[PDB]
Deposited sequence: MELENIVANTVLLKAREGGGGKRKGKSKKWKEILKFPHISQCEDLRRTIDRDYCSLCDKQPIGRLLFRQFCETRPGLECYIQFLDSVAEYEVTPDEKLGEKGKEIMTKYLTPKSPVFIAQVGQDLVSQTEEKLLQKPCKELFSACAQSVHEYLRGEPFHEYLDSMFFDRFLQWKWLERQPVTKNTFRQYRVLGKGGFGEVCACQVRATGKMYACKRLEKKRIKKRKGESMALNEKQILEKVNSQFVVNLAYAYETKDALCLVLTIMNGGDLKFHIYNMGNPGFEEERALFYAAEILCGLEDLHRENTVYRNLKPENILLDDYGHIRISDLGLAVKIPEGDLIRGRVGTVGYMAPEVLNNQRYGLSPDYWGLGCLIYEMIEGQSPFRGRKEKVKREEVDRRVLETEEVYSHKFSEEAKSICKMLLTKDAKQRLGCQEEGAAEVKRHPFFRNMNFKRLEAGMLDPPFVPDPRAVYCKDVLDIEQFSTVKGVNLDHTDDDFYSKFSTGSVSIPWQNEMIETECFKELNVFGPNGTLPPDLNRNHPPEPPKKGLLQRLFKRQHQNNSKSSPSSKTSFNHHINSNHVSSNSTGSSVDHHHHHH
C-alpha cells in the first residue's frame, strides 16, 4: 500500500548532497557494518564484489546457522563448516584464521560439540574485516550509497508522512491510533499524547523519559519506537503494532483460566529476554502485568507500556512506590531504594498467573481489599498446585523471594541466572532469540482479540527527534523499498546519482 509516487519520496539524493554526512558520521565498523541494518547489507554487498571477501561473509552466515542448529544435529553442521571453509584446498577457504586456529577448532570437533565452536574463528574473521576490507568499503560506492540512505533517514517527519486509520486503544494522556507510512505502507500504532494535557498535569519530563527509553532499546520482545514527531495539539510516538491481543485476555478468556506449563514457558522465555534487553540499558520496567504483554500477528509477545520505566544511573538506586495493586514487589510497596529487582518479582507474578490462572496473592474468585493484597505480598508465602512441575514451583518462589537480595536474577549475573534455572532446561534461547521457535498460539488475521510559551517550544525540540535509525532502516527492508531502490549501474558501474561528474 505504498503511495503512488513513493519512488519520488524515497528518491536518492545526489551523492554531492551528503558531504556533511560523510564528515559527521563516525566510522565505527560495528555500527556501519552490523548494528545498522542497511549498512550491514551494503557492506555485505561490497564483499560480494570481491573474490577474497566473499568467502568471509558466507562463513559467518554458516556460523549463525550453527548457533541455532539443534543439539543432536550439531556434529553434522559443524563438520560441514570445517570441510567447506577451514580446509586448505577449499575454494572458499578462510585464510586470516591462522593454521593454529584451524587445527585448534579441529580438536573441538574431535570431542563433543558446543554452540560456540566457531566463536574463536568468527572473531578472527571480524578482526580482519575491521581493518583493510572495512576501510576499502568506506572509499567504495556502497558507502556513498549508505550516505544516500542516511540522508533519507534524517529527512523530517510530519503528519503527512503518515496516514491515521482507527483509534485502537485508549488510556491516560491520550489514545493509541493505528497509522501507516504512506511511502512504504508499513503499519504502526501512534501514541497520540494530547499537548494541552501534558502541560496541565505537569508531566513533561515523564513524556520525554518514555520516548527516550523506547528509542534507546531495540529488542524483539519490547515495543520499539520508530518515529517521534510533533503536531498541533498532540505529540506522537509511532510504535510497533500489536494485533494479536494481550496476555490477560488469553489467560482468562481463552484460557482454562490459565495455560499449560509449556505454553507459559514460551511466553516467560520471551518476557525474560525483553527484560534483559531493558536491563542492558540499566532500565527498570516496574509495570509487569499480563495486560501489558501484547501478542503480535505471529503469536510472539512484546512488553508494552513503558510509561513507568526509568533509567537507573549505574551504581545508584531509586525510590518510587509505583505500579498496579498486586504487581508491586515488596521493596516497592515499602517505598525503599531498589533497582532492577521489581521486574523479576513481576516475572514471578506472570509465570505463576499464567500457569495457575490467578494471582499468587489474590484468588480469581476472591473479594479482598488493597490492604490485604499488600499484606500477603509482604508476609504470606504463596502456595502452588499440581499445575506446576517442581522446576516451575522453584523458579516462581525463587523469583517471588520477598527479600530482593536473595531473589533470582537480582545478582551481578543478572538475567543469566534466570535462563539457567531448571525451569528453562528445555528452552534454547539462541533459537528463541532468532525467532525459530513456533509460538503456541497464532492469532487469526481477521480476528479482533479484545499555551504559547517558549518553554513548551524547547520541550518539543528534545522530543520530536524524527525517525529512529535502526527501526527506519528495518522498515525500508521489510517493505522491499530497499531491495527496489538499491540499484546500481549495469555491470558494477556507477549509477548517475553516485557520479559526481553530472548532477
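> Just jot down which stretches of the deposited chain sequence have no CA coordinates, in the order they come.
Counting from residue 1, the stretches without coordinates are 1 to 24, 475 to 489, 543 to 598.
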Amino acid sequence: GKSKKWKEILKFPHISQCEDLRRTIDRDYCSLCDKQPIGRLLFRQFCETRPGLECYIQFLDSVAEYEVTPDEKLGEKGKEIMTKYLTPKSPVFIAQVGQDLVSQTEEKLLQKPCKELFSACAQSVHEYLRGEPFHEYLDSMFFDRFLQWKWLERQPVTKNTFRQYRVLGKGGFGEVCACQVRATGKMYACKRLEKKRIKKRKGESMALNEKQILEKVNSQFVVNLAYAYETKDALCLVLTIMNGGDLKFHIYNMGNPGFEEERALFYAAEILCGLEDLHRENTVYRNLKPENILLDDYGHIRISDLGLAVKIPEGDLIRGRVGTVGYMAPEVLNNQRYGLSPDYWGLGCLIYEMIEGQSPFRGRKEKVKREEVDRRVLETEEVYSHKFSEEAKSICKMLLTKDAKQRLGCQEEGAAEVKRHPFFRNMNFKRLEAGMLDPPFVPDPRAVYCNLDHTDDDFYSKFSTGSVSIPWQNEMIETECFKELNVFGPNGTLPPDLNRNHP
From here on, numbers count along this sequence of modelled residues.
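> Does at least a third of the other compared PDB entries (those resolving both flanking residues) leave residue 450 without coordinates?
In at least a third of the other entries, residue 450 has no coordinates.
> Please compare 145 to 153 with 405 to 413 and say which has the higher mean C-alpha temperature factor in the record.
If you average the C-alpha B-factors of 145 to 153 and of 405 to 413, the larger mean comes out for 405 to 413.
> Given the B-factors recorded for C-alpha atoms, which segment has the greater mean, 228 to 236 or 294 to 302?
Going by the record's values, the stretch with the higher mean is 228 to 236.
> Which of these has the highest Cα B-factor in the record: 258, 422, 113, 131?
It is 113.
> I'd like to know which of 366, 262, 71, 276 has the highest C-alpha temperature factor in the PDB entry.
Each of 366, 262, 71, 276 was compared by C-alpha B-factor; the highest is 71.
> Quick check on the deposited entry: does the C-alpha B-factor of residue 472 sit in the lowest, middle or highest third of its chain?
According to the entry, residue 472 has a C-alpha B-factor in the chain's lowest third.
> Which third, lowest, middle or highest, does the C-alpha temperature factor of residue 52 belong to within its own chain?
As the PDB entry reports it, the C-alpha B-factor of residue 52 lands in the highest third of its chain.
> With respect to C-alpha B-factor, does residue 465 fall in the lowest, middle or highest third of the chain as deposited?
As the PDB entry reports it, the C-alpha B-factor of residue 465 lands in the middle third of its chain.
> Against its chain's modelled residues, does residue 492's Cα B factor rank lowest, middle or highest third?
Its C-alpha B-factor belongs to the highest third of this chain's values.
> With respect to C-alpha B-factor, does residue 137 fall in the lowest, middle or highest third of the chain as deposited?
CA B-factor rank for residue 137: middle third.
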